[PDB]
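The form deposited in one PDB entry is given below as one chain in structure tokens.
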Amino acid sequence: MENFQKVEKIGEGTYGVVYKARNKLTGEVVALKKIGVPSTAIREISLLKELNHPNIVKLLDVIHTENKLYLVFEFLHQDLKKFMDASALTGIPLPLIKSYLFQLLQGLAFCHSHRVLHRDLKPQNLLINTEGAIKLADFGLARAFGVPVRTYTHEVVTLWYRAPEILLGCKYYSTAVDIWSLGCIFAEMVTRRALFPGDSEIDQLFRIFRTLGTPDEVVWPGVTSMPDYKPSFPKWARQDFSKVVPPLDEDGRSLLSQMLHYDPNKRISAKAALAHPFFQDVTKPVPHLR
């Protein structure tokens, strides 16, 4: 595209590559995502340009030229995964963790009220600035194309944040999947280890089952009728969160437990999450950004 100077490759997506670039007119610097895109795709993506929220990475333009689609986004200078690697040694303080989870819930509360889900939340698509904001990136991209097993660079698309209804074959899942992803990310920022690092689908499910208990009709009506449910699934006993996310306080474990309910129908909504006591004292710290 003529209108942009690519200034650097910043990343590789499932769908495409990201370059930092400069609007050759506005001189705005933007993140330029390179993915005749089969055209529900176009309609459903061009739509996101009005799904605007402070904790949503602004989608400034879509440009469809030849067999290429560029998505043009406000540039944020880094992602949650690098910031969390940048704080292995100490971890993100708790007050910043809370503020991020709060901001992310606001993002989701908004998308979800407009019936839009992300479906692929993960630290790599949460972008942070130096003013203590965090935003969700890559919406409607999973609806508009479905998520593949490799990326365009043949890289493995991670299952670590994927809700159990999706892993169980559910075709028609809901805004709850994103709450499950955000729960996994919340536990990961507190402990500095991913919570469920599956390396395949059945490994992902079994790491889930090992921590939260193999699900049954007690905890999740309808689950034994799911498409990839098997009676032969080993029966693991649930485990106490106090062990899973120390040192989260009671209010944060209580909220985590609700974002991780097996039954998407019981899993706390974003709206409800925003009201939980864990946020009574939430403040917006400044990240240490390097």
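The first residue of the sequence shown is number 1, and the count goes up from there. Superpose the two forms; the largest set of C-alphas matching within 1.5 Å is the rigid core.
Note that the form deposited in another entry isn't included here; everything after this is about it.
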Exercise. Determine, with the core as the superposition reference, the one member of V245, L260, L69, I56 that shifts its CA by 2 Å or more between this form and the one not shown.
Key: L69
Quiz item: After fitting the rigid core, is the C-alpha of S113 off by 2 Å or more between this form and the one not shown?
Solution: no
Quiz item: Would you say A275 moves its Cα by 2 Å or more between this form and the one not shown, aligning on the core?
Solution: no
Exercise. Taking the rigid core as the superposition reference, indicate whether the CA of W160 shifts 2 angstroms or more between this form and the one not shown.
Key: no
Exercise. Answer with closer or farther for the CA-CA spacing of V147 and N125 in the other entry compared to the shown form; it moves by 3 Å or more.
Key: farther
Exercise. Specify closer or farther for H112 and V147: how their Cα atoms are spaced in the other entry versus the shown form, given a shift of 3 angstroms or more.
Key: closer
